[PDB]
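Okay, here's what each chain looks like letter by letter:
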Amino acid sequence: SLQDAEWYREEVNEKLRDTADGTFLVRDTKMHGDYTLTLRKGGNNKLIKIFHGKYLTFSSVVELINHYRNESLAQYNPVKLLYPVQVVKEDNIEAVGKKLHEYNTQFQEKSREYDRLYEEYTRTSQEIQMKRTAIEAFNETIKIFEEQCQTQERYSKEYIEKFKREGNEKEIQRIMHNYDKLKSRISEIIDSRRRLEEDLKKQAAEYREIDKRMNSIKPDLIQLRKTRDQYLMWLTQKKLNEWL
Amino acid sequence: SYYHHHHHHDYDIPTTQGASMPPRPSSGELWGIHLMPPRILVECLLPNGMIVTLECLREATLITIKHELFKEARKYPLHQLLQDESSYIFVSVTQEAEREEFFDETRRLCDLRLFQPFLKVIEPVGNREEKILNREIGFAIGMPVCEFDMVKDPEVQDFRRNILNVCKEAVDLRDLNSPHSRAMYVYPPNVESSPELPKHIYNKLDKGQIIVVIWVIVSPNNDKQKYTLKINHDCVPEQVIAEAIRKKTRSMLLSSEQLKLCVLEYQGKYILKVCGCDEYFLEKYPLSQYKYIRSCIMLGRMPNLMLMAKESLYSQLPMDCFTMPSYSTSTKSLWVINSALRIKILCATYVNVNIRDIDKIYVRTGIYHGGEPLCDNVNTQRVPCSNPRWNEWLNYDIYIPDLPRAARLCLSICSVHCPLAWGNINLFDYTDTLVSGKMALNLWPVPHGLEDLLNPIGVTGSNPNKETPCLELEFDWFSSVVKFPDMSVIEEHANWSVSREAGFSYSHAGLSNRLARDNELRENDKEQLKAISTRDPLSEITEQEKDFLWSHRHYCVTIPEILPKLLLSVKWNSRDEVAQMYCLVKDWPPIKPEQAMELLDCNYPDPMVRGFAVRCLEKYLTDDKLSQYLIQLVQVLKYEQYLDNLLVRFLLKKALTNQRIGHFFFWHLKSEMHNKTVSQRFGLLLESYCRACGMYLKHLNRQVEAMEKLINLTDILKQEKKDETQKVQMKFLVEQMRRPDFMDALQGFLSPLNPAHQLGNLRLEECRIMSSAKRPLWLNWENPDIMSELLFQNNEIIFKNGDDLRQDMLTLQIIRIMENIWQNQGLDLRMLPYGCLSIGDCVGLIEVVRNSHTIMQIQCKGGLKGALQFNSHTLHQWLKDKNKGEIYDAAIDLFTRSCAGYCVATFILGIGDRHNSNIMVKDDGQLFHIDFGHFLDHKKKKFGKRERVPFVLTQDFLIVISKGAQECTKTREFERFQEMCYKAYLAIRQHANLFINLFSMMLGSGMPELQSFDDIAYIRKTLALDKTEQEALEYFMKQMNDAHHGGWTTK
Ligand SMILES: COc1ccccc1C(=O)O
C-alpha cells in the first residue's frame, strides 16, 4: 500500500510536463528531508517537503495526501491536489513490446513529417519575403524609369521647338526611337513585377497550406507520443532499445 | 514471401533530399542569378533622359564604365546637355531594394549587388559625401542604415541617439595617451588572467628559465639576426628588449659603461612582436603570462619574437576620427491604482486550421516573470475555427500595484490540447509606463521540440512578419499614463514594511517567512543555508526552503553566493516583498562573475537584479574572461526587456575598448542577423559598434566581402553544379577564383577565426573542394608576415556553407573551458579545441590542424593489400613510425593525456557517438575528436535514462595506452590513465554550476538541443550532482565499466 500507493527528479518534471493545473505525485540526500510532494500549478511545478513518527500529527505518507486531495493547500501557507497521476490490457510482455516498436515507427515517421514541413514552412517564409523585397526593388526600379521618360520629354521637347528645320526628322526620329525603347522597356518591367506578385500569392497560399497541415499533425503527434510512454511505463513494472 | 506479396501502391520512384546540404537560398550578383554572365548589357540612364545600353564585362569598374559611357553617349542625341563626366556619380536600385549612390567608382559591376543591370547618372546630391559612407556600415551590417531612419518606434530612435553616450566615452579612452593607447586598442596584449604558473609548466622551465630568440632587421631590410637569450620566465618585455639590445651592441670598441649609455637611448624605441602574426607584447606582464609564451613552453618550442620600432608600428595605425551621426507631462504612480488587472482580447484574423481535424480554439493567457505571478487563465472556446473572435475581458487575480517592473503578459492561441501561435508583451514600456489602450500583436509559430501551451521564455514584442496570426487586444485605461514608482518611493515602502514586521506578534501560523528568532538565529539554520548556497542552479528549491530563505534574507547577506537562490524565493506578486528585495540588492556584496552570469539568464528578468550582475562584471570580469564567455553574453542580450539597458552599454563599451573582443562581438551579432527575433536589436547595436570602431570597420568590410563571395561560390556548387564530377566542379572553382573580382575580394584580409593571422594571396594550387556533399571549401593563403617562415608560411581554413556550426562552436568552447579548469588546477590533459566560427545561417569556418588524421585514414594506410581485416595495432604501428627513441615514450603520455580528457569531456557533454571517422590523431601523438553533432544527447528525444558513453575505447586505443602489451586492461600504464579520468571527472564536478549556467545562457539561441532547462538537466545526471562525490566516482566507474565490459573497479 505505502510502496504501491498509486502516485508514489528530471523524469518527475517530464511526468509533470503538459498536465493541467492541480496534478501531482510524491518523491523520495537522506540528510536533507525524506519525501517530496511535487505539485503542478499552471505550467510551473511546486515542490513541498515531507518531514518524518509524524509525517505535525499525520501518521503516514499515505495519510497526509488523502487529506489534501479533497482540500486546498492555502491554510498551511498563503489549488488542490486534484489529479493523482488502456495499452490493450495485453498481459503479454512480448506483444506490448512490438507495439512499442510500431508506435515508435509511427511516432518517428510522424516526427519526420513534422520536421520536414517546418523547413518547407520556413523556406517558404523566407522565399516570400525575398519576393516582397524584390517587389519593392522592382517598384523602385520602375520609378527611376518613369522619372526618365519624364526627364527626356522636358529636354526633348525644348529641342523639338528650337530650330525645327535644322535636323528635323533626322533629329526627332532618332530622338523618338530612344523614347519608344524607353516606354516598352517599362512595359516589360511592369509585367515582370505583376508576374512576381501572382507567384507570391501562390507561394503564400502554399505557406498557409503547410501550416494548416502542421497544425493537424501536431495533436496526434502528442497522443502517439503519450500512448507510447504509457505503453513503456506498463512494461517497466536493457531489453528495450532494438524495438526503439 | 519476403513481403507477403503486399503492394505499396503509392510509392513511385519517379523522383519519389535523402537520396546532405539543408539551408538555402540566397541570391547573388544580380536578381535571381548567382553569377552574372561574363559580358552583359547595362542600361545607362542619362541626365538628358537618353538610354544607351553598353555591353560591359561582369568584372569592369565604374571608372571604366563611365569613361566609356561618356564616349558612347556622344553618338546619341543631346550630347551638349551633359556636363563633363567628372560632374557625375552612378546610382541604381540594389537587391536590398534601396537606391544606392555609387561613390567608390573603383567598384566592379558584379560587386554592386544590383537587382536589374542598370545605372542612372546624376550629379552628387547631398554634397556631404563622407557621411553617405554609412554604406560602409550598412555593408558591414548587411542591411542599409536608412532602413532605421524610417522606423517609427520611439525606443528604436531613442536607442540610437542615447547609445552614442557609450561610443563617445570609449573613443575618449582610446586617444588618451595616444599613440600607445591606440596601439593598445588594436593590438591588446593576449595574456592569461593568471600570472601564477601551473606546476607542470614550471617543471619544463629549467628552474624558471626559458630560451627565447629575439630577431632584428637592419639594411636594406632583408637580413635578419637571431639573438638567443635565456631569460627568467617572469621578466617583462622591456627587460627582454634591453637584453637583446645589449647582446646586439656589446663590442670590442665599447666599454662596459659605453654600452649602458647606448642601451638606454635604444631601449624604449622598440616593442616585442611575435614572429609570423600580429600579436604584440605591449604592457608589463610576465612573459609567461602571454599566451604565445605559455604555448611555446607546452609544445617544446622556443619563442620567436621580433624587435619592432615603435615608429614603424605607429606608422600602420591610422586615426579613428569619430563623428557624431546626423541623428544628433506629469503621471500617476502604479501604486495609486486600485483594481485587479483585466485584459480585453478581440479578434484573431489569419488562423490556418483544418476544421475537420480540429474541434474548437481559444486564447490561453497568463502574466509572467520567468515563472508566473498568478493563475493561468483562458477564454471560452468561441467562434471556433470558422473566423475566430472572442470579445471578453480576462480578469487576473493580482492587484495592479503588485505587478513587478519586469512583468510580461504571455499569450497563445490553442486547439482541442495543442498550441497554434504565440506572442508576449511587456506590461510596462521602456519608459516605465504601464501599458494601456489597444495593441496589435502578430504571432510566432511554436518551434520544433516545444509541446507546451504558452512560451514565456520566448522573445518579447510582436512578430514583424505581417502575414501571420494578428491577435489584437485592449488594455485597461486609468484616465492617466500610469508609471512604475521611483526608487526613493520603493525605499520608503521597504523601510515601512521592515518596521511594520518588528511589531508583529508572538505566534504567526505560517510565520514561515517571519523569523521569530530575532537577531539570534540557531546554528542548525546557518548550516542549512550554506548547504543550500552550494546546490547547483537546477536543483529546484522547495516552498519550505524558499520561505526559509526569505525569512533569513538578512543573514543571507553574510553568504553572498546564496543570492540567485534567494531571488527565486521572493514572491514577485508581493510588492511588499519585492520592494524589500530591491533594498538588499541595492547594496549586496558583489560576487564572482561565474556566479553572476546566472543572474542574466531568463529566470532573473528584473532590472535591479540584472544591474547588480553587470556591476559584478564591471568590477571582476577581465577582458580575458569576457572573450572566453562572449558567446554567452551576446546570447543573454535577447532576454533583456528593452533595447537600451546596462548589459548592452557594458559590452558595447568593452567592444570599443579592446579590438579582439570587438572583432568577435561583431561576428556573433552579424552571425544572427538572419534571425528576425533579433535582427532589429542586433542591427541597431552593430550600427553603433561600426560607427565607433574606427578603422576596424574597413577591415571588417574586407572580411565580410570575402565571406559573401565564398557563400555565393558554394551556393552555385550546391545547385546546378551538383550532379557533375568533382573533376568538373574543381574546374569551375579554380576558373572562378582566378577572375579579378575574386582575386581582389579574397586575397588581402584578416582571418575571422583569428584576425591576428593575415591572409594574403591565396595559393589556388592547394585550394580545393573537399569530398563531403555539403561541398566545403579548403582554402589556403600565403602568410604575408615578414617572418612567415618562423610560424607558418601557409595559412589554411575550411569554409562550410551548409551546416549549422553553432553547436560545434559551443562544445569546443566548453572543452576549451574544461581544459583551462583542469590545467590551472595543475593536471595536464591536453584537449585541442580547434577553432570554429559561425558567420551566418549554417555558414562558418573551421581551423585546420596540420598533420592530423582520422583513425580510419591510419587504418586504410596501414592495412594490408589483400583487403581482409584491419589491424588493432596499425594505429600503434603508425604512431611508433612517427615517434622513435625517447620521443616514443613522450608521444604515448600525450595520447594518454588527451585520450583521458576527451574521454571525460565527451561522456559529461553526451556528444554524438565516437568512431573511426570522427576521432583524430596527430603525428606527435595527441588525440582529439571532431564533428561532435548533437551535444546533450539529442537522439534521446527518441525513446531515451540512457546515460551514454560516446567515447568507447576499442582495443586500438588500449594497446597504444599500454605501450604494446597483450591484455592491456591490466597494466600500470592503464591504472595511471584511469586515475587521470577519475581526477578529471571530479575536477569538472566541482565547477558544475558554471557548466549548467553556460548552457542556461544559450537557451536564447534557437538551437534545437537547447530548448529548455531539462535539456540542460542531462549534465546533472552525468556529473551525478544529486549524489555525494564518492558515489559520483562510483557512478562514473560503473558507467565506464559497462561500455567496455571490464576494467573499472578499484580505488
Ligand atoms: C518556476 O519553476 C521553474 C524555475 C526554474 C526553471 C524551471 C522552472 C519550471 O517551470 O519548472
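Residues numbered from 1 in each chain as written, not as in the entry; some residues may be left out. Chains lettered and ligands numbered in written order. Heavy atoms only, no water.

**Concerning the site of the ligand**
Okay, so step 1: In the vicinity of the ligand, the residues found are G43, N44 and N45 of chain A together with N603 of chain B.
Okay, so step 2: Within the contact set of the ligand, an oxygen atom lies 2.8 Å away from a side-chain nitrogen or oxygen of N44 of chain A.
Okay, so step 3: Within the side chain of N45 of chain A, an N or O atom sits 3.1 Å from an oxygen atom of the ligand.
Okay, so step 4: Relative to its unbound accessible surface of 310 Å², the ligand loses 62% to contact with the protein.
Okay, so step 5: In terms of residue class, the shell around the ligand is made up of no nonpolar, four polar and no charged. (Near = heavy atom within 4 Å. Polar contact = N/O pair within 3.5 Å; in protein donor to acceptor, adjacent residues only side chain to side chain. Areas by Shrake-Rupley, 256 points an atom, 1.4 Å probe, with all protein chains shown as cover. Nonpolar A, V, L, I, M, F, W, Y, C, P; charged D, E, K, R; others polar.)

**A closer look at the domain arrangement of chain A**
All names here are of chain A.
Okay, so step 1: What the domain assignment reports for chain A is domain 1 (1-90) and domain 2 (91-244).
Okay, so step 2: Domain 1 and domain 2 are separated by 50 Å when their C-alpha centres are compared.
Okay, so step 3: Across the boundary between the two partners, domain 1 contributes six residues, which contact 12 residues of domain 2.
Okay, so step 4: When the two sides are added together, the surface that domain 1 and domain 2 hide from each other amounts to roughly 760 Å², 48% of it contributed by carbon and sulfur.
Okay, so step 5: At the junction of domain 1 and domain 2, the tally comes to one salt bridge.
Okay, so step 6: Between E90 and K99 there is a salt bridge whose closest N-O contact spans 2.8 Å.
Okay, so step 7: The tally of links from domain 1 across to domain 2 stands at five residue pairs in polar contact.
Okay, so step 8: Residue classes in the side of domain 1 that touches domain 2 are distributed as two nonpolar, no polar and four charged. (Domains from an automatic or database assignment. Contact = heavy atoms within 4.5 Å. Buried area = accessible area lost by both parts, 1.4 Å probe. Salt bridge = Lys/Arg side-chain N within 4 Å of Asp/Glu carboxyl O.)

**Some thoughts on helix α35 (residues 1013-1023) of chain B**
Okay, so step 1: Within α35 of chain B, 10 of the 11 residues are buried, which leaves it mostly tucked inside the rest of the structure.
Okay, so step 2: Positioned one or two residues after α35 of chain B, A1024 of chain B has a phi angle of 55 degrees, which is positive. (Buried < 20%, exposed > 50% of the residue type's maximum accessible area, 1.4 Å probe, protein only. Helix = DSSP H or I, 4+ residues; strand = E, 2+ residues; numbered from the N terminus.)

**Thoughts on the packing of helix α29 (residues 855-862) of chain B against helix α30 (residues 874-882) of chain B**
Residues and elements named next belong to chain B.
Okay, so step 1: One can describe the packing of α29 onto α30 by two numbers: an axis separation of 9 Å at closest approach and a directional angle of 85 degrees. Of the possible angle classes, the one that applies to α29 and α30 is roughly perpendicular. Contacts from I855, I858, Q859 and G862 in α29 reach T874, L875 and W878 in α30.
Okay, so step 2: Per-class residue counts for the contact of α29 with α30 are four nonpolar, three polar and no charged. (Axes fitted to C-alpha atoms, helices over the stretch in contact; angles between N-to-C directions. Parallel < 35°, antiparallel > 145°, perpendicular 65-115°, else oblique.)

**A word on the interface of chain A and chain B**
Okay, so step 1: Counting from both sides, the interface comprises 68 residues of chain A and, opposite them, 78 residues of chain B.
Okay, so step 2: Of the roughly 6,800 Å² buried between chain A and chain B on both sides combined, carbon and sulfur atoms contribute 50%.
Okay, so step 3: Summed over the three residues of chain A that lose the most area to chain B, namely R9, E10 and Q148 of chain A, the buried surface amounts to 9% of that side.
Okay, so step 4: Across the chain A-chain B interface, the total number found is nine salt bridges.

**Some words on the packing of aromatic side chains**
All names here are of chain B.
Okay, so step 1: Tallied over the full model, the rule gives 32 aromatic pairs over all chains.
Okay, so step 2: Geometrically, the ring pair formed by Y187 and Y280 is tilted, given 4.6 Å between the ring centres and 55 degrees between the ring planes. Of the two residues, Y187 is situated in the loop between α6 (180-186) and α7 (199-202) and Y280 in strand β11 (residues 277-281); the sequence distance between them amounts to 93 residues. Across this residue pair, the class does not change: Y187 and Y280 are buried.
Okay, so step 3: Considering the side-chain rings of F428 and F484, the 5.6 Å spacing of their centres and the 85 degrees angle between planes classify their relative orientation as edge-to-face. A residue pair is termed long-range when its members are at least 10 positions apart, and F428 in the loop between β19 (418-426) and β20 (437-439) and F484 in the loop between β23 (482-483) and α12 (487-502) qualify at 56 residues. Taken as a pair, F428 and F484 share a single burial class, namely buried.
Okay, so step 4: What links up through ring pairs into an aromatic cluster is the set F907, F974, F977, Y982, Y985, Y1035, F1036 and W1048. (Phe/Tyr/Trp six-rings, centres within 6.5 Å; stacked < 30°, edge-to-face > 60°.)

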